[PDB]
């Protein structure tokens, strides 16, 4: 019920990285976070220490006693300290190669090598060169088969393209699942929301800085993995809080601080959006962070809201649900069972996520605002899939959401 994620971040380039780390930390019970790596990108080409992260983790240690009363599985402060390390200290592929290992690059290697069947995500909040150093070292020291196996267990989520090393990865390792997300600017909350709901809330709020340019431009790089019941982030066409990536595109260019650098790698492909795809989730996203900052400052469970818990057809697993059904049949999807741990009331909303599925037509859902819905599988849907989403919403303060996607493979 959790995904494995390692973040690499160019702390100091812009306050948004700090903002993003605060949100990730109050969401950390939903993940297996395995690295917080301070590194570079074209907006911050040199770095020397982890002091930004140290400061934020000190705040986390003050919030952790409260956070841990609100959900299971928050990582300990000691554990987070252990995975707070330096990555590459210089820029791009110019800091990749012989003698250039970092704590962060080695951390990535060790995570990918681990005997956990789950893949691991490595992200680029700045450049991707700490990931590139890891892959370069594996390529330089292991067999082809061992390199292919390594690549098969990795995924990269690159925000915007901020060094030439991400491009080097996409070009040289075409079997690596690689997203270069660019439509990361349309979902953000207001500065007043931040002041009132976030920054005022205790020690973690005090290390959440104001926006300089954009708020939390890098945050999609973990929201992609926030909701196992909504989306499998390795199926990048599904859509979810990190966006929807329907195809690979050629020559996806990075930011202006690396102009001219991508082109030497042509032709290369990267998954990227074909349409902004985060804003649709914004209400849920904003309410989520609001409630979690309440968790951070309330010592009593009773004093904050917690997410509702979906069940569909007596299946309580926090994962995408897969069903096979015949064309021209009706499928009952019953979310009775679902619960709320605060005793809130629930609202049920069923939708056809037609952007995400291979069926080209429309799909009728009866009683789509009720717990117990019925999906009409078209007679012409054979050989396609149909994605049906349950969105569950409580009436707590603020309203919190939960999801279950049902993927119906039609015969």
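Residue numbers count along the first chain shown, from 1.
Looking at mean Cα B-factors across 321 to 329 and 293 to 301, the upper value is held by 293 to 301. If you average the C-alpha B-factors over 359 to 367 and over 52 to 60, the higher value belongs to 359 to 367. Among 26, 346, 375, 33, the highest C-alpha B-factor in the deposited entry belongs to 346. Within the group 248, 279, 180, 114, the record's highest C-alpha temperature factor is found at 114. When the modelled residues of the chain are ordered by their C-alpha B factor, residue 4 lands in the middle third. The entry lists a Cα temperature factor for residue 77 that places it in the highest third of the chain's modelled residues. Remark: residue 391 belongs to the middle third of its chain, ranked by C-alpha B-factor as recorded. Sorting the modelled residues of the chain by their CA temperature factor places residue 216 in the lowest third.
When the modelled residues of the chain are ordered by C-alpha B-factor, residue 163 sits in the lowest third.
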